Amino acid sequence: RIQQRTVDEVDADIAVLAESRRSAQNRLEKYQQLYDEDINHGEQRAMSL
Amino acid sequence: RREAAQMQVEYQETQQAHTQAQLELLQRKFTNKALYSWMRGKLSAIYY
């Protein structure tokens, strides 16, 4: 029984790390979109005028 | 994990309980200190 509980514990830790991964990749792709778009048309207009 | 530690506690608890019961068995066995005490005394007297 005790070892059943321990394998349960490690499975829970797997889930914890998995949702950690989801959060990290969210931050990543948000940064990536924010970086690729670089400078939008508003600042282009500011500099041009 | 806390619940795991808890049934570990009661694990050790049951282990202690049944080792106590085993002690009770060893006392209550047929060839106990009463039988050996009687035999020692009677043999020693007759031997002397």
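Residues numbered from 1 in each chain as written, not as in the entry; some residues may be left out. Chains lettered and ligands numbered in written order. Part of a larger assembly, values for the part shown. Heavy atoms only, no water.

In terms of determination method and resolution, the entry is listed under cryo-EM at 3.9 Å.

As recorded by the PDB entry, chain B carries the name XptA2 protein and is attributed to Xenorhabdus nematophila. For this structure, the PDB header gives the title as "Xenorhabdus nematophilus XptA2, wild type State 2".

Where the PDB entry is consulted, chain A appears under the name XptA2 protein, with the organism given as Xenorhabdus nematophila.

Now for the overall build of chain A. If you tally the helices and strands in chain A, you get two helices and zero strands. Along the first, second and third principal axes, the C-alpha set of chain A runs to 75 × 10 × 10 Å. Out of the 49 residues belonging to chain A, those deemed buried represent 0%. When the accessible surface of chain A is split by element, carbon and sulfur atoms take 56% of a total near 4,600 Å². (Helix = DSSP H or I, 4+ residues; strand = E, 2+ residues; numbered from the N terminus. Buried < 20%, exposed > 50% of the residue type's maximum accessible area, 1.4 Å probe, protein only. Areas by Shrake-Rupley, 256 points an atom, 1.4 Å probe, with all protein chains shown as cover.)

Below, the discussion takes up the interface of chain B and chain A. Chain B puts six residues into the contact, and the matching count from chain A is four residues. Summed over both partners, the interface of chain B with chain A buries about 410 Å², with 70% contributed by carbon and sulfur atoms. When the area that chain B buries against chain A is broken down by residue, the three leading residues are B:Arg1, B:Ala4 and B:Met7, summing to 69%. Joining chain B to chain A, the criterion identifies zero salt bridges. Connecting chain B to chain A are one residue pair in polar contact. Of the residues in the side of chain B that touches chain A, the class split is three nonpolar, one polar and two charged. (Contact = heavy atoms within 4.5 Å. Buried area = accessible area lost by both parts, 1.4 Å probe. Salt bridge = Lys/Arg side-chain N within 4 Å of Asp/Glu carboxyl O. Polar contact = N/O pair within 3.5 Å; in protein donor to acceptor, adjacent residues only side chain to side chain. Nonpolar A, V, L, I, M, F, W, Y, C, P; charged D, E, K, R; others polar.)

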